[PDB]
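Participant:
Number of protein chains: 6
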Amino acid sequence: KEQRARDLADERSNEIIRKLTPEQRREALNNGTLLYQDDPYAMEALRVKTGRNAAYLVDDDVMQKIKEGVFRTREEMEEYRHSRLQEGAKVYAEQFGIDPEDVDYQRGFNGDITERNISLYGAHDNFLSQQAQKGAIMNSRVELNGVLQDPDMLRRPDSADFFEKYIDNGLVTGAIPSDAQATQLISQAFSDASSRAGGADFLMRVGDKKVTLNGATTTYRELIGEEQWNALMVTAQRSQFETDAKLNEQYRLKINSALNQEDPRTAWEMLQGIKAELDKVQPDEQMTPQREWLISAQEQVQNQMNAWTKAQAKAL
Amino acid sequence: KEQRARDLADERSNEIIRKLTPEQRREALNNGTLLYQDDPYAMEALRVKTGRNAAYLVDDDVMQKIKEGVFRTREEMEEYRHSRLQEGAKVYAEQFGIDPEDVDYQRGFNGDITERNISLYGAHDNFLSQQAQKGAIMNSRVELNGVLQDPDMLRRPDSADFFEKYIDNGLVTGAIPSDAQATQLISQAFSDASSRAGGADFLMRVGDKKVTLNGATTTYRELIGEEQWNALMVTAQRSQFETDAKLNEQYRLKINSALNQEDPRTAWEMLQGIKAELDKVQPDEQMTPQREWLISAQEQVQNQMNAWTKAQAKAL
Amino acid sequence: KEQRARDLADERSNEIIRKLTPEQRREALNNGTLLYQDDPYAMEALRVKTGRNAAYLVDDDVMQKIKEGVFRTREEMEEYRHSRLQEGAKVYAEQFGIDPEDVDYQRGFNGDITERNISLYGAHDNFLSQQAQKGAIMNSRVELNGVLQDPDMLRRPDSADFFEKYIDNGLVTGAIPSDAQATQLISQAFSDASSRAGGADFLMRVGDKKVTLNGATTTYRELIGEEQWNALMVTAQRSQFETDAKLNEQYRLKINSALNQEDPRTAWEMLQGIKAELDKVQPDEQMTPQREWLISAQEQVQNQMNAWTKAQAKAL
Amino acid sequence: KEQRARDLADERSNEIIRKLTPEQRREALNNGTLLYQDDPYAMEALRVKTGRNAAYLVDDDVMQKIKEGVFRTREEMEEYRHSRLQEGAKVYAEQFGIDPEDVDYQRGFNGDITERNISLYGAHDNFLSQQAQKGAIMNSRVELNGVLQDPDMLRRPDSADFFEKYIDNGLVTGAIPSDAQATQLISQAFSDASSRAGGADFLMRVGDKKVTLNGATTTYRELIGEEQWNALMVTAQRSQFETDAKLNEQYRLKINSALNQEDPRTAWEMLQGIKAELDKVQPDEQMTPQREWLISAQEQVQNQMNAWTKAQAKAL
Amino acid sequence: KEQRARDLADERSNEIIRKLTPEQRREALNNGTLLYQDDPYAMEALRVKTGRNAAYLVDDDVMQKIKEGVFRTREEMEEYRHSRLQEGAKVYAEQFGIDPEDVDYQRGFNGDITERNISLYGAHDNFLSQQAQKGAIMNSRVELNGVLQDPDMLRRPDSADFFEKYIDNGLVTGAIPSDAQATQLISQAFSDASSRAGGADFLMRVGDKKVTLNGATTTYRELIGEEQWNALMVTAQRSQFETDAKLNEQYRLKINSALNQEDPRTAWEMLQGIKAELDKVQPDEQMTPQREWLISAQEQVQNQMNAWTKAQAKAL
Amino acid sequence: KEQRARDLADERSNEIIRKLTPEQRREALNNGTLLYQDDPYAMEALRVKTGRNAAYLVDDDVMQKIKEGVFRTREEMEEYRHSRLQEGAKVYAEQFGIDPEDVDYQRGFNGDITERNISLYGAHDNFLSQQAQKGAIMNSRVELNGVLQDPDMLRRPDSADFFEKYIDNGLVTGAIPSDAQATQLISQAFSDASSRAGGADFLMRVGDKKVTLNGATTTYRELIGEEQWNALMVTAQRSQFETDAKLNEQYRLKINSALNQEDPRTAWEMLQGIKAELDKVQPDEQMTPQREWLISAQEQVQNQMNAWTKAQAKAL
């Protein structure tokens, strides 16, 4: 009848653990006034259950602090796990009035230990891989910003060579492991060099190197779509004029001074000089809001030249 | 044949619990007119089932009030759980006409108690972690707004030092636990200091400190993307002119007064003084809608100077 | 061999229930021409199966009308459940030609009854919690619109006090249970008071009270982000000028009349009076499309004053 | 050893069903050249397996035509199910060279029949509920468009009463069952009456009735947010001027004719008459792109009156 | 002890399959130097396991080429499945050094064959249904573009009749099976006829037919929302002027020529003729960017007529 | 009693593995001071468990480096798997102080090996299929950019033929396997040829070929929607004027020079020549921002001709 006596023990344990709080049970355990203190199987089931509770509490605490990143390395999470296991076993046994040594309590508190450790290791390893991915992305930007932040070092004809060599090495050696993440790294380095001085030269020079990604081998200008390339180039050429306000003032004032000369024939030469100087800070031939400035200036200077030639007949 | 008599008991219990409402059964239990009142196993199965029902009802009530946050601490949820367990056992037993003490009713009402407590503790701990995350985010904004709300204390050269020290400490000690959430905290503090007076100085000064995030160590200007940094700086420099309307009026009226002098030579000096004063409320060199005001003013004053010099020849 | 005879009964039942429609079986049951009418175990399996079918049909009907909200309270869903159980058992037994009393049919139709009731109670309680949430959100707007709809009662200096007291009470007592939903309630009440007359005063006064949310305690202006606060204030100050068209006409016509006086010196006083009156319907100092009206008016009146002073020399 | 002989039968069946196509097996079944034709248990396992295949094929066909809606009612799906069951059993048995009557084939083809019928009924009932929801939404728009499409019947003071009575009845009786869907119905009827002639009157009149939704009772203007109400009213007042181009022409030409009179004093009266007539096609006081037309007209007529009064002094 | 000897065989098999590569095992199988070559149960377990591996490899290959569509019909997928099964069994047995005939290898390679075939048939049938849906959508556009692409056949008064008859037939017969997809077909055919010449007539004529969808029966203008209908009509009337640039030139030049006549009285007649001709290429009364052209033209011609009448007094 | 002695062994193993760290256990294993060193079953359970741990650690490492792509081919992943299995077994056994040969440790470390290999092969094959898809997409762009990048080779009348032949072949042979991905390939090749010089001719010529996709056969202009086709054509015709700024300058300056001649009669001929030349770089008749330039030019030249004809009467 051992199958029945233990079966009734489970019911008595459930009644004990429902009808009382974690406090009243301790107050009544030393007073010998529980509902089934006499039956030993009832107390045994109550102990083996009140341990599986504390095990889940400490595991939930650790898993919850793992989910949102509070453990960076792996050894720190294991250390916190061990310390919390020990301290929590002790403190929950003390709170529930149970001896933290009685074998039955541990059969529940240690019930399924390897599988719970597997679960925690899996979740924390997922988070660690995620932060290592994010850290590679954030790190390979500082390494580039060592020789790509200087607006003078950028436009040298070797910066494209350094960038291509860096992607090639970090893709072959292992510095940039994920071939899928090389796209994010490339796009981030571009958007950086896009909205920074002189970036137009660097982009127009790097747009013809060779980079391997996902089996097929192509050219950078062909990796990202052609329309995406045109938009990126337009942004990289508007950068210098939306980042260094002084240059905007200089070119607008010089366009105005050229447009406002008395003899338009010299205004043509001044506008031509302005465009010749502006081609050296916007090499690629895309249309930017500045070529439109030159368009309006040439429009107005041509109208002025027409008017001045028509009014020159009155000098006859 | 014990395997069959109890098997028929389950069928009779199911017929009893389907063919009647929670009201008619009470009216008919004291009248001795149930469908299988004679068979004891039928009544036993009906009782052990009508308890697993009330258990799920009270558990669903508590879990439903846990899902959407009504319990802030953990002790309050446990207290409500215990009170509802007791009161619900009593009231559902009374409604279904069953004795709230008969052992069979409790074998169902207490059937799987530790696992249901595990489920509730897990859900409520998930919610508690979420609200603690949100509370850390909302709290580390008030602590910053103690020495970053004053538009005069902000532009001092030590505010950047205090901000860097705060992030470093709260990231090393534990005040800001989640390395992943430090990004949200940083972005929120920036967007705060972005659209507030004097914020341009604070941003341009903090953009060169050191902050560690996700293993790699970088500079704040390099943490968020360079184009994101330029957009943030443009917003932080348009802030003062989209928050204190009086300053907008002052600069627009002074630009107009400068532009409308009779001798443009003094208008050049007035516009230069305006730009010199404006550089002290917009330090970084990004292009804002105000440098465009100065551009238009210089354009028009140069046109006026050209016209006045051309009409000066008539004084000969 | 009882394990085999019943095993063949299941196969015969499956063949019966596949090879016939719910109609032909009734026509052939009273004609004694089924495929295995002779074997009693075959008919028993066919009955215990054709009941589990109708049980699922009625349960699917009830669950489907529960999923999309057709039952508001809980007692109404239970009542509909009971009536549909009875009527559906009867009608499906009648359609399938089976006696609605034969014990075997009920062993299938009542097979797993408590678990299906658990499922329905869970789904309907989920929906009931959702509608109670939505109803609290929609209800705490009418209670506010009792003393916040009057454009005159709003701008009194006590409306902010009433709003703060209401949130505090409803957050402590229980009228507004979900601390997470207090954000939705606050944002909704604001957006209401935002786009309504006089709302600027109410917002600028409430932006310095104290509200507790998620453990940390802050000020309303700091709960929602500072840039969000500036946008909300701009909207609340453009409200009065995008809701009462008459006021727009009044201020635009008065600005025009001021700008079009013959002696600009009085136009300065008129514009100053206009701005002084306008500060009382837009207290906070944010930039709105109306301060821009005053900016353009002052620009043009200053140009006119300059022109009139320059042409005053001809009076000498 | 019956546990082993059948165990080897499963392996032989798997080898038979892998090593051959549905065609070669038929060609080789009548030639007596299968791999294990001698063993009867092998053939029995092959038959009981080759039936569970065809069962899944026909079930997948029916479930796939159910998923994307091809069965509107429920009886049509059941009819197609039955016809396909019969025809598919026959045709798949014929293709696989198996007798469509041999009991073993049916033990597999009819293996789990009630559960598969449960699955199909559940999926098809889900789809039927979805289309009934969509049909209620689409139907309660035609019923409204019977007395809300006429641009003359709409602006009568009883249309709001009819709309409120309709929502109240259909929400109490059952014509509009889902309290959650009443929001969609209300918003759809509004957006209809929004962008249609005279809709402004209907909206401004219905915005003060009583509608119950989700326990709490409010007013229509308070059901949808106040800013949403202002946007909806602006759209409903721009409707008439973005739907009947003739009226746009009429008002623009009349504004121009008023603005272009020789004596502005009569132009004031003409513009006042225009605004008085326009208030009857835009009752609520929200700002629309048309009040802005009147604003510009009054601006220009005031400038013209000022100029004409200033030039009247030359008549002295 | 048969339960233990085989139990140790599983462990030895696992050690064999972990401690070696798919290459070393073949090199060591013919050299008689495996770790447990002596024990027959070890080799048997190793064989029954190394088959379940190859089975999963070939199944994963086929399922992976099924997931992303490479098999259009069903017979092609079955053919590829069979060929790959045979060839893969042979080649994997050869690579792993196992006889491709030994019964134990097949007990693993053919282990669960019917269920894997069920899985593949289900996935491929899902994809086939998806492509049949997409193909019906793409096909019922070519059939319409046979009598709806001609800009002259479209505006005939029977095109609406053909479209309504087509939807009705294809919805009753079965050419357009999914009542849910009839919405996509209708919207696609509209958007086609929207941005194409003469489409305005076709839309304004079809907007009053009858189409049944989801139980309820409505009119096309009421199927899609009224505001959606107005937007669609505006697009369909701007189509002709955003697709055939020549017509844009013609109307703009003629508007200019009318506006620039010397006597405005004839300009009124010219503009009236232009509007009368334009009503035949934009029947419905919605406001388009072209009625605005006529509005500006009438505005300017009325101003010119006023000026010319005022200057006519000087002819007295 | 063998069922109990091993049952206690599991509890003792769990206590051992909870109460100690991976370090203390090694220090105490050689000192003979574990908690249950005496019992052999306890040590056996501890060993069989401490192996299932290391197995999961190495499997999680490999699966985590597989999830985010670090293994391109399949043989490389298998090689890394094998090397890590060996090295990890050895190193984890050494760290946990267990003999890396004792049979019990391997019964846990090799516990479920074939299923874990199945899981890894499945995940890595999913990733490999994804990268092969992306590689086909990226590769069939370089192959096209060999004869579609030259702005002169593109506008030849055979480029459309080559493109159609390429899609047809790669869809029949297998170079472009996924019929679903042919849409992505087509759209990408178009968007490439869209925003590149001369692309208008290529698009307007390819828009009438034949391509089969998803059973139904249509024309390219009908594959993508007609409104999508019009938008794509507008973009392809604005490309040349938003990519080669020199051409923008040329046409704007020539339009200005034509508009500014003294005798408008020659300006008509100049504008007509400009439009005739512009039709050869924008063949399709869609409306672009350039036809609007010609519209404004013709508008202004017609106004000028009217003014000059009206002022010609003064020459009489």
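Residue numbers (the entry's author numbering), protein chains in the order written: chain F, 59 to 374; chain A, 59 to 374; chain B, 59 to 374; chain C, 59 to 374; chain D, 59 to 374; chain E, 59 to 374. Virtual Cβ for every residue (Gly too), placed ideally from N, Cα, C.
#1: Among F:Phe185, F:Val292, F:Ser217 and F:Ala67, which one has its Cα closest to the Cα of residue 7 (chain F)?
#2: By the criterion of Cβ-Cβ separation under 9 Å, what are the contact partners of residue 50 (chain A) in chain F?
#3: Alpha carbon to alpha carbon, how far is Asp118 (chain E) from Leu143 (chain E)? Give it in angstroms, no decimals.
#4: Could one say the Cβ of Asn288 (chain A) lies closer than 7 Å to chain B's Cβ atoms, at least one of them?
#5: Do the segment 301 to 318 of chain F and the segment 213 to 228 of chain E make contact, defined as three or more Cβ pairs closer than 8 Å?
#6: Report yes or no: do three or more beta-carbon pairs, one from the segment 175 to 183 of chain A and one from the segment 116 to 132 of chain A, lie closer than 8 Å?
#7: Which residues, in chain order, does the segment 62 to 77 of chain A contribute to contact with chain G at a C-beta distance below 8 Å?
#8: Give the single residue among C:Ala258, C:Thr275, C:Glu201 and C:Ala151 whose Cα lies nearest to the Cα of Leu243 (chain C).
#9: For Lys268 (chain E), report the span of its beta strand (DSSP E) as first-last.
#10: DSSP on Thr276 (chain C), reduced to helix/strand/coil?
#11: According to the Cβ coordinates, are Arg110 (chain B) and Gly169 (chain B) closer than 7 Å?
#12: Which value, in whole angstroms, describes the spacing of the CA atoms of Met135 (chain E) and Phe129 (chain E)?
#13: Could you please give the first and the last residue of the uninterrupted alpha helix (DSSP H) stretch that includes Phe299 (chain E)?
#14: With 16 other CB atoms within 10 Å as the buried threshold, where does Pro235 (chain C) fall?
#15: So, helix, strand or coil for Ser71 (chain C), using DSSP?
#16: Using CA coordinates, which residue listed in A:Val161, A:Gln246, A:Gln239 and A:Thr172 is at the minimum distance from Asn203 (chain A)?
#17: For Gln95 (chain E) and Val116 (chain E), I'd like the C-alpha separation in whole angstroms.
#18: Counting only Cβ pairs nearer than 9 Å, list the residues of chain C close to residue 19 (chain B).
#19: Could you give the first and the last residue of the continuous alpha helix (DSSP H) run that contains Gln330 (chain E)?
#20: Taking 7 Å as the threshold (beta carbon to beta carbon), is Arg165 (chain D) in contact with chain C?
#21: Would you call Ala194 (chain D) buried or exposed, if buried means 16 or more other Cβ atoms sit within 10 Å of its Cβ?
#22: With a CB to CB cut of under 8 Å and the five nearest residues on each side skipped, what residues in its chain are close to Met291 (chain C)?
#23: Would you give the residue range spanned by the alpha helix (DSSP H) that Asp208 (chain C) belongs to?
#24: Measure the beta-carbon distance from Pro80 (chain F) to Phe185 (chain F) and round it to whole angstroms, keeping in mind my assumption that it falls under 8 Å.
#25: For chain D, find out if any of its Cβ atoms is closer than 7 Å to the Cβ of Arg323 (chain C); answer yes or no.
#26: Just the Cα atoms here: how many angstroms apart are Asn175 (chain F) and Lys148 (chain B)?
#27: Which first and last residues belong to the alpha helix (DSSP H) in which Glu152 (chain D) is found?
#28: Closer than 8 Å between beta carbons: that is the criterion. Which residues of the segment 161 to 188 of chain B meet it against chain C?
#29: Please classify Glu284 (chain C): is it buried, with 16 or more other beta-carbons within 10 angstroms of its beta-carbon, or exposed?
#30: If distances are taken between C-alpha atoms only, which option among D:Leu93, D:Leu87, D:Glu85 and D:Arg62 comes closest to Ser71 (chain D)?
Facilitator: Well, looking at it:
#1: For residue 7 (chain F) there is no data in the structure shown, the boundaries of chain F being 59 and 374.
#2: Chain A is shown only over 59 to 374; residue 50 (chain A) falls outside these bounds and no answer can be derived.
#3: Taking the sixth sequence and counting its residues from 1, one reaches residue 143 (chain E) at position 85. Taking the sixth sequence and counting its residues from 1, one reaches residue 118 (chain E) at position 60. Those two C-alpha atoms are separated by around 11 Å.
#4: Within the second sequence, residue 288 (chain A) is the residue found at index 230, counting from 1. Taking Cβ atoms only, chain B never reaches closer than 7 Å to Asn288 (chain A), which makes this a no.
#5: Taking 8 Å as the limit for Cβ pairs, the verdict is that the segment 213 to 228 of chain E does not touch the segment 301 to 318 of chain F.
#6: yes
#7: Among the protein chains of the structure shown, namely F, A, B, C, D and E, there is no chain G.
#8: Counting from 1 along the fourth sequence, the entry for residue 243 (chain C) is found at position 185. Ranking C:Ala258, C:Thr275, C:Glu201 and C:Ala151 by Cα distance to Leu243 (chain C) puts C:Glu201 first.
#9: If you number the sixth sequence from 1, residue 268 (chain E) lands on position 210. First-last of the beta strand (DSSP E) with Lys268 (chain E): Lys268 to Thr270.
#10: Within the fourth sequence, the letter at position 218 stands for residue 276 (chain C). The answer is strand: DSSP assigns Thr276 (chain C) an E or B state.
#11: Along the third sequence, read from residue 1 onward, the residue named residue 110 (chain B) stands at position 52. Along the third sequence, read from residue 1 onward, the residue named residue 169 (chain B) stands at position 111. Going by C-beta atoms, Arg110 (chain B) is nearer than 7 Å to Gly169 (chain B).
#12: Taking the sixth sequence and counting its residues from 1, one reaches residue 135 (chain E) at position 77. Taking the sixth sequence and counting its residues from 1, one reaches residue 129 (chain E) at position 71. Going from the Cα of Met135 (chain E) to the Cα of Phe129 (chain E) covers about 6 Å.
#13: For the purposes of this step, residue 299 (chain E) is taken as residue 241 along the sixth sequence, with counting starting at 1. Residues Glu284 to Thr301.
#14: Here residue 235 (chain C) is taken as the residue at index 177 of the fourth sequence, counted from 1. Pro235 (chain C) should be labelled buried.
#15: Here the question's residue 71 (chain C) lines up with position 13 in the fourth sequence. Helix.
#16: Locating residue 203 (chain A) in the second sequence gives position 145, counting from the first residue. Selected option, being the one with the closest Cα: A:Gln246.
#17: One-based indexing of the sixth sequence puts residue 95 (chain E) at position 37. One-based indexing of the sixth sequence puts residue 116 (chain E) at position 58. Each residue's Cα considered, the two are about 28 Å apart.
#18: It is not possible to answer for residue 19 (chain B), since the shown part of chain B is limited to 59 through 374.
#19: Indexing the sixth sequence from 1 puts residue 330 (chain E) at position 272. Bounds of the alpha helix (DSSP H) holding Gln330 (chain E) are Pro322 to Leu336.
#20: Position 107 of the fifth sequence, counting from 1, holds the residue named residue 165 (chain D). So yes, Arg165 (chain D) belongs to the interface.
#21: Residue numbering aside, residue 194 (chain D) sits at position 136 when the fifth sequence is read from its first letter. That one is buried.
#22: Stepping through the fourth sequence from its first residue, residue 291 (chain C) is reached at position 233. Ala258, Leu261, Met262, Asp342 and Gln344.
#23: Residue mapping note: residue 208 (chain C) aligns to position 150 of the fourth sequence, counting from 1. No alpha helix (DSSP H) holds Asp208 (chain C); DSSP gives it neither H nor E.
#24: Indexing the first sequence from 1 puts residue 80 (chain F) at position 22. Indexing the first sequence from 1 puts residue 185 (chain F) at position 127. In fact, because the Cβ distance is near 32 Å, the residues do not count as touching under 8 Å.
#25: Taking the fourth sequence and counting its residues from 1, the one referred to as residue 323 (chain C) is at position 265. Taking a beta-carbon distance threshold of 7 Å, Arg323 (chain C) does not count as an interface residue toward chain D.
#26: Translated into the one-based positions of the first sequence, residue 175 (chain F) becomes position 117. Translated into the one-based positions of the third sequence, residue 148 (chain B) becomes position 90. Roughly 54 Å separates the two Cα atoms.
#27: Reading the fifth sequence from its first residue, position 94 is the one you call residue 152 (chain D). Segment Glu133 to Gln153, the alpha helix (DSSP H) holding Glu152 (chain D).
#28: none
#29: Locating residue 284 (chain C) in the fourth sequence gives position 226, counting from the first residue. Buried, by the Cβ-count rule.
#30: On the fifth sequence, residue 71 (chain D) is found 13 positions in, with the first residue counted as 1. Nearest of D:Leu93, D:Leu87, D:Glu85 and D:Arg62 to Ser71 (chain D), Cα basis: D:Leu93.
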